[PDB]
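Q: Experimental structure and its sequence below.
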Amino acid sequence: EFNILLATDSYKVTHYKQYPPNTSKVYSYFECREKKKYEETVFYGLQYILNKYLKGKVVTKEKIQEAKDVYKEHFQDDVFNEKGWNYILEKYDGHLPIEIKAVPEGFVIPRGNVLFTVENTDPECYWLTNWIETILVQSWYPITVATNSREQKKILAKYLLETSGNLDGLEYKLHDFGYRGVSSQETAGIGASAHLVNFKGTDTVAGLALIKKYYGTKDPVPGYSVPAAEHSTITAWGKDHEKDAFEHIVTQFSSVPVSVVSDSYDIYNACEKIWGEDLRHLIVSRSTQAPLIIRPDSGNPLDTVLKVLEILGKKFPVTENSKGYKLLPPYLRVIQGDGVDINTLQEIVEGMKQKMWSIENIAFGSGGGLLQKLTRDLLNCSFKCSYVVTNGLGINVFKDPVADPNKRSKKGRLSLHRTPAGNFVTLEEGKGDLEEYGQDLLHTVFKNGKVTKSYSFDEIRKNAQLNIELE
Amino acid sequence: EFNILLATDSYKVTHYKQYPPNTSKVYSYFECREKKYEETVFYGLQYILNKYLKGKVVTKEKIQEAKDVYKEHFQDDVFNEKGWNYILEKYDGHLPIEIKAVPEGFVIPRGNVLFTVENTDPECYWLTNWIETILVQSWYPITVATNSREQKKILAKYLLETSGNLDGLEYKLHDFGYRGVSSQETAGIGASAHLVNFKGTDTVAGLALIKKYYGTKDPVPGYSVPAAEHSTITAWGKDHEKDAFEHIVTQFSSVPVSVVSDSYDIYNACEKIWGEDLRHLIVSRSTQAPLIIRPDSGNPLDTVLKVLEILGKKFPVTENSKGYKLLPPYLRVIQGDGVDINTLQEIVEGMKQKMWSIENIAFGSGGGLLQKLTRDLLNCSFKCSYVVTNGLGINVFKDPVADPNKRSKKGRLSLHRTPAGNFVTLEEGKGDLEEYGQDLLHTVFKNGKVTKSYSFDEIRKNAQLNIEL
Ligand SMILES: O=C(Nc1cccnc1)c1ccc2c(c1)ncn2CC1CCN(C(=O)c2ccccc2)CC1
Ligand SMILES: O=C(Nc1cccnc1)c1ccc2c(c1)ncn2CC1CCN(C(=O)c2ccccc2)CC1
């Protein structure tokens, strides 16, 4: 069973001996620190953490003894704050005396703004605020996946609008292929849910259960997929029988969309000769609601996409849409699911545009690029103490390393406001109390062991919409 | 509760319909495909077998749950309810699968078979690749353990050169990655993989994982020491940094203590606060209880070099038997910012050029150690190499025209020692010809049971560096 006393960085076990004596309050905040591009971030994922790990009776006598036993050996010394943990157990029935205030989930906020704050609600528990830094800072991950996924959606939207005149199908243009490519089952669920803030296509099944349990949607599920082959279901037929494999698969799934990986031996032969001649009759007969989606999976991503389109354009009837771009017939589409990240996505759609191919023709699958190849440094997600009360006096505190001004932190009690022009500003030093800037956008989401405000996944999606979608 | 029917890539739900009719066997394998990182540490499969694959993993409730989810997810009924029910009824929900693997901790060159998977019941031909997704996640502990060991090689080389021995090597790269990974589960897995090579960690989640799935003779596999963070310094207020330092080193006067010293001005902290104002509290400390000064910002190499030159002028420096400078034993440094395998190399080489012993330094690494890694680094990959259809075995493979690096292996595979004592993977069932001795893979999972396992102590022995051996 999960034990919050064993879910912090080891050194934090020793911090209760290090704060100034007579400290009754430690107040800390999380931001995606600005860096002298990702100019705005989607705030998402805290509600998962609050419910799974922080709420309710999280301290027991057994949990205290187990931590005591572990740390004795881990430090070769008795340093553990048993008294402090016992106090929470006795006084609060093991509920954390902490208050967390946060911007609403799904909100899109520029870098360098307070996103949430944490403080103890009982002076005895001044040490508790930063004990839970480690677990709260892990919100970096769903924030960063959601943000990076949204930035890819912006690129897709721009090019889809340019080449087609609308945004139809945008929410299915970037499919999560990342289940095998992330570091754990838990990560798979968290990351997949973050991508679904922006899109509806996923093969990372773990995301669905997380959303259902912690957030909730009006619809039965937040994400969808379609029948699709992998190399094993093609290659198992034997190298001389690729055509038989293709025929079998498209016939099995004749009335729904079907994606067929086509590069097992020779992607170009498969497109030109197998799909484009031998099996052409089984493709041109398909419904618009049930296209064949051809899937290359190797080679230079841009070069391969363009060559695949060129081949298909010569074997199938291509039209020219009202924007002047080439469009494959509605029973035939392409998905590029190899080597896709935010950079290569941009390269591919720009290359397509230059060759006069509509973005309507293509979708993308992304795995490692979408869910794994991200770190806390990308958006400088960071948690810092900004205010303490010692001997009954409040003190505004901060770091400001001489050799790196980018790592300077904010001072004092913080609040987030709308500016007169409708942008965001973080007020420092308790200046929000002056009330010159309207209401603090941070809301209490956790207090003394209870989750006090929750968001549905539908609300989060609404909050995270693109401007272009809003227009 | 975990449901293995919901723990695969969506598209695999539809694969039972795609294989050739009358297929009775699907046999697949995992390798770190050949293209830096010439050899890999095999680690972490045991965790996966025990936590997710063994015992009764199918129930009526789990089948119904999956059925209901997939119906909405595909907007169609494509889920193999009958196949899963068969496993439930015939095997009491135990997976009819056999997995063979190289021993955990083994160090194996790229492009060798590391584990194989096949169904043991013809009805469950589809099951082999259903569990690809789960098993492929072994890329992560493999890659962490491998990259950690590569850093250990660098540290060993330079420590040996500058000091004449490897004392303390196992404490020279400390895991700071708990906050910088993507989840609690990932933290435990990644921390455990780092502990294959080192003994220093702050990612507490690693300890319980090792204890539960692997085991050590020692009470714990990893250790830490009291250390400050910026909040415990800055909380004292900007004019009271000295007071914070004094309080902390006095509280931890007889154990090692690490104190982050860059809150405002690392160079002032080292030269004036530690080097002058509080010097008397440092030079009095035991060799078993040094002050470890922690810079945490600036160019990592330039900052380490300047911190060392500052301390070298305020404290008595000796010259060790190799001709390198050594701080007194009550004083050390740890660089815990911007450390990955690349910058680690740069820092130790820069220290060597300035005649500073690697004895003086330790490193902390977080995202660089546990997060900034992907399945592409070692090309960790699972592929089908052999099927039986209509009673006939076929050797199968992919070989994409535009990328020969993605060509997969053919047929039944086995791992062997060559006449020169190296590893070789034989394809096409050629291991059966008995020209290369016995298969070095062992059966580790069969029909719902873990059949062979390794303690964490044995994994560590297998993973030792040559220079350690
Ligand atoms: O192979 C697949 N997934 C997978 C998972 C893990 C590892 N590798 C691959 C896979 C999964 C879902 C797929 C897929 C292929 N091909 C299409 N989809 C889902 C959607 C089907 C509906 N879509 C289209 O019709 C469409 C496709 C291209 C352009 C415009 C529209 C857009 C994508
Ligand atoms: O600040 C720390 N950890 C942390 C965790 C998460 C996020 N930020 C920081 C932290 C953790 C462990 C530390 C530390 C500092 N400073 C030293 N250690 C552990 C060990 C203590 C014993 N060691 C030495 O005495 C030693 C140090 C340098 C050279 C030679 C020997 C080697 C390192």
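A: Structure's in. What do you need? Numbers count the residues shown, from 1 in each chain, chains lettered A, B, ... in the order given. Ligands and ions are numbered 1, 2, ... in the order given.
Q: All the strands of the stretch 1-150 of chain A, residue numbers only.
A: If DSSP state E, counting those that start in this stretch is used as the criterion, the strands of the stretch 1-150 of chain A fall at A:23-32, A:40-42, A:98-102, A:108-110, A:114-120.
Q: Ligand 2 is nearest to which of the ones you listed?
A: Ligand 2 lies closest to strand A:23-32 among the strands of the stretch 1-150 of chain A, at 14.6 Å (Cβ to the nearest ligand atom). The way it works is simple: take the backbone N, C-alpha and C, and place the C-beta from them, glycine included.
Q: tell me which strands and helices the closest one is in contact with?
A: Other helices and strands packing on strand A:23-32, by 3 or more Cβ pairs under 8 Å, 6 or more residues apart in numbering or on different chains; DSSP states H and E, are strand A:114-120, helix A:128-131, helix A:133-137, strand A:381-390.
Q: Export these to CSV and append columns for distance to residue A:210.
A: Formatted as CSV, the helices and strands packed on strand A:23-32 follow (distance: least, Cβ to Cβ, whole Å):
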stretch, distance to residue A:210
strand A:114-120, 20
helix A:128-131, 25
helix A:133-137, 17
strand A:381-390, 20
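Q: now what about stretch A:207-218, what contacts it?
A: Contacting residues not belonging to stretch A:207-218 are listed as A:47-48, A:51-52, A:176, A:188-193, A:195-196, A:202, A:221-223, A:455-458, A:460, B:6, B:69, B:73 [Cβ atoms under 8 Å, 6 or more residues apart in numbering or on different chains].
Q: Could you list which of the residues you listed belong to helices?
A: A:47-48, A:188-193, A:195, A:457-458, A:460, B:69, B:73 (DSSP state H).
Q: Any of these buried? List them.
A: Among these, those buried by neighbour count (16 or more other Cβ atoms under 10 Å in any protein chain shown) are A:47-48, A:188-193, A:195, A:457, A:460, B:69, B:73.
Q: which residues does the residue nearest to residue A:283 when sequence neighbours are not counted contact?
A: The shortest distance from residue A:283 to any non-neighbouring residue, by Cβ to Cβ, 6 or more residues apart in numbering or on different chains, is to residue A:292 (5.1 Å). Contact partners of residue A:292, counting by Cβ under 8 Å, 6+ apart, are A:250, A:258, A:260, A:275, A:283, A:286, A:331-333.
Q: do stretch A:48-60 and chain B meet at all?
A: Yes - Stretch A:48-60 reaches chain B (Cβ under 8 Å from any Cβ of the partner chain) through residue A:53.
Q: Ligand 2 contacts on chain A?
A: Residues of chain A found near ligand 2 (Cβ under 6 Å from any ligand atom) are A:9, A:11.
Q: 8 Å instead, please
A: Within reach of ligand 2 by Cβ under 8 Å from any ligand atom, chain A has these residues: A:9-11, A:134.
Q: so what's whichever residue of chain A sits closest to ligand 2 closest to, chain neighbours aside?
A: Going by Cβ to the nearest ligand atom, ligand 2 is nearest to residue A:9 of chain A, at 4.0 Å. The shortest distance from residue A:9 to any non-neighbouring residue, by Cβ to Cβ, 6+ apart, is to residue B:202 (4.4 Å).
Q: State the distance from the one you found to ligand 1.
A: Counting by Cβ to the nearest ligand atom, to the nearest Å, the gap from residue B:202 to ligand 1 is 34 Å.
Q: Contact partners for the most centrally placed residue in chain A?
A: For chain A, the residue sitting closest to the mean C-alpha position, by Cα atoms, centre = their mean, is residue A:145 at 2.6 Å. Residues in contact with residue A:145 (Cβ under 8 Å, 6+ apart) are A:190-191, A:194-195, A:370-371, A:374.
Q: Just grab the bridge partners of residue A:427 for me.
A: residue A:415 (DSSP bridges).
Q: Does it touch residue A:441 like I think?
A: No - applying Cβ atoms under 8 Å as the test, residue A:427 and residue A:441 come out as separate, 11.0 Å apart.
Q: Give me the common contacts of those two.
A: The contact sets of residue A:427 and residue A:441 overlap at A:415-417 (Cβ under 8 Å, 6+ apart).
Q: out of those residues, who's nearest chain B?
A: Set against chain B, the nearest of the shared contacts of residue A:427 and residue A:441 by Cβ to the nearest Cβ is residue A:415 (20.3 Å).
Q: Hmm, residue A:242 is touching residue A:265, no?
A: Yes - look at residue A:242 against residue A:265 with Cβ under 8 Å: they come within range, at 6.3 Å.
Q: Now do the same contact list for residue A:383.
A: Contacts of residue A:383 by Cβ under 8 Å, 6+ apart are A:28-30, A:118, A:130, A:133, A:136-137, B:179.
Q: How is chain A partitioned into domains?
A: A:1-137+A:376-454, A:138-375+A:455-471 (curated CATH domains).
Q: Centre of the chain to the first one, how far?
A: Just to be clear, that refers to domain A:1-137+A:376-454. Relative to the centre of its chain, domain A:1-137+A:376-454 is centred 21 Å away, using Cα atoms, centre = their mean, to the nearest Å.
Q: How about stretch A:365-385?
A: Put simply, stretch A:365-385 sits 8 Å off its chain's centre (Cα atoms, centre = their mean).
Q: Between its first and last residues, how far does it reach?
A: 40 Å (Cα to Cα, to the nearest Å).
Q: circling back: taking the contacts of residue A:145, tell me the two that lie furthest apart.
A: Greatest spacing in those, by Cβ to Cβ: A:190 and A:370 (12.7 Å).
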